[PDB]
Structures are given as structure tokens and as C-alpha cells.
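The next block holds one structure in the form of C-alpha cells; read it before the comments.
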Amino acid sequence: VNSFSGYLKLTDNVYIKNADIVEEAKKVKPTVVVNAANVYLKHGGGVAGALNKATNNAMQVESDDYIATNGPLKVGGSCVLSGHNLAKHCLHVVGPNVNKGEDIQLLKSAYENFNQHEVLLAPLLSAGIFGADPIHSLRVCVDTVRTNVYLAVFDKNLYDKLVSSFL
Ligand SMILES: OC[C@H](CC(F)(F)F)Nc1ncnc2[nH]ccc12
Ligand SMILES: [Cl-]
């Protein structure tokens, strides 16, 4: 039993909800919140910009030190950093960004990072400003993640569309 509330159960382990991931994280304070990151950990817009703003830019400060030490992530890769005031940890995961010409096949690799954590709050990888089809992202999530994932989807039309089309 966990403290996630109001989710629709799609499969044994995947749940979904229309919610702002920022407001969700502040309420649940999950062990892990997933950020929709880029390889430079520059949290300028989308989920990343929103999560960073909620940390008063502390996420960006920590991220800049991470990059200065380690260099950029790989597309499909991840790193674990602090969750600041939002969660214990933030798993920064880089899905492919279609608006940059990146290979959508890397979306499965991106979701594989979730399997290293027993429970996660997350957005749909490569959705939104990363320019991929969110129905496809949800399908890859369900077919790749085996741990318990609670998906927040900020857009109700999409949320309703995601539910009604789910196979
Ligand atoms: O796939 C990314 C997803 C796209 C869409 F909005 F349509 F759901 N974006 C988000 N999902 C959940 N919380 C969020 N907070 C800020 C942005 C954001
Ligand atoms: Cl977005």
C-alpha cells in the first residue's frame, strides 16, 4: 500500500491520472519523481522547467555541478539526483526529442531506467515538447516498465484520450 490516490489502473503495475506532476510530488513526496530531462540537465521548459521552478532553482544548481563533473547524459540514459522539496530522489531520464531528430527507438531504453526503482511518479517520456506521440509513449511504458509507475498527465484532453484509446 502507498499514498498515491485517484489513479486509474491500466495493468498490474502501471497507473495513470490527470494531474500536475509538480502538485502531485508536493503532496505525495514520493521516493522517486522522474524528470523529463535533456542530456545537459538544462531544465528550461516542459516538466523539467516546472519541477525546477518548484525547487526555487536548486535542481538546476545541483544539475550544473553534476554536468561539470560528469559531462552530458546519453539519450536513453538517466542519473539519480536529489528530489529537493518534491521527493527523496529525482530520476532524470532523457527520452528522445523528436523535435531534435532523435531516434524514437531510444524511448524503450529510456523507460528501462524506471526498472531500477520499485515505485515512481513520472510523466510520459518524450511527450509534450519532446514531440513524440503520447499514446505511443504510454504503450512503450506499459510494455517496458515492470516496477510500479504512477503516471501524471497534465492535459485532460490527452488524459481522456489516453484512457479511451488504451488497449
Ligand atoms: O509528456 C510530457 C507531458 C505532456 C502533457 F502535458 F501533455 F501531459 N507534460 C507534463 N506532464 C505532467 N506534468 C507536467 N507538469 C508540467 C508539464 C507536464
Ligand atoms: Cl511538456
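Values quoted throughout were computed directly from the atomic coordinates according to the rules given, and no laboratory measurement underlies them. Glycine gets a Cβ as well: all are built from the backbone with ideal geometry, and neighbour counts include every protein chain shown.
Values as computed for the structure displayed
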item	result
Positive-end residue of 80, 94, 153, charge dipole of the chain with Cβ unit charges	153
Antiparallel bridges, percent of DSSP beta bridges restricted to region 8-163 (to nearest 5)	30
Footprinting exposure proxy for 23, 118 (fewest neighbouring C-beta atoms within 10 Å first)	118, 23
Extension gain (nm, one decimal) between residue 61 and residue 119, 0.36 nm per residue minus Cα-Cα	18.3 nm
Within the chain, helix-based [θ] at 222 nm, where runs of 4 or more DSSP H residues each add -39,500 (n - 2.57), nearest 500	-10000 deg cm²/dmol
Compactness relative to 2.2 N^0.38 Å, alpha carbon Rg of region 1-100	1.10
For region 1-75, size of Cβ-based charge dipole, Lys and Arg +1, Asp and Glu -1, in debye	160
Computed over region 40-84, Kirkwood Rh from alpha-carbon pairs, angstrom	10.8
Value of D in µm² per second that Stokes-Einstein yields for region 21-67, Kirkwood Rh from Cα pairs, at 20 °C (1.002 mPa s)	197
Contour minus Cα-Cα distance for residue 42 and residue 148 (0.36 nm per residue)	35.4 nm
Percent breakdown of C-alpha pair distances by 5 Å bin, ordered from the shortest bin, for region 8-163	2, 10, 21, 25, 23, 14, 5, 1, 0
Value of relative contact order over the chain, rounded to a whole percent, pairs C-alpha under 8 Å and six or more apart	28
Size of electric dipole in region 8-163: Cβ of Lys, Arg +1 and of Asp, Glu -1, about Cα centre, debye, nearest 20	220
Compactness of region 70-148, expressed as Rg and Dmax over alpha-carbon positions, Å	12.3, 34
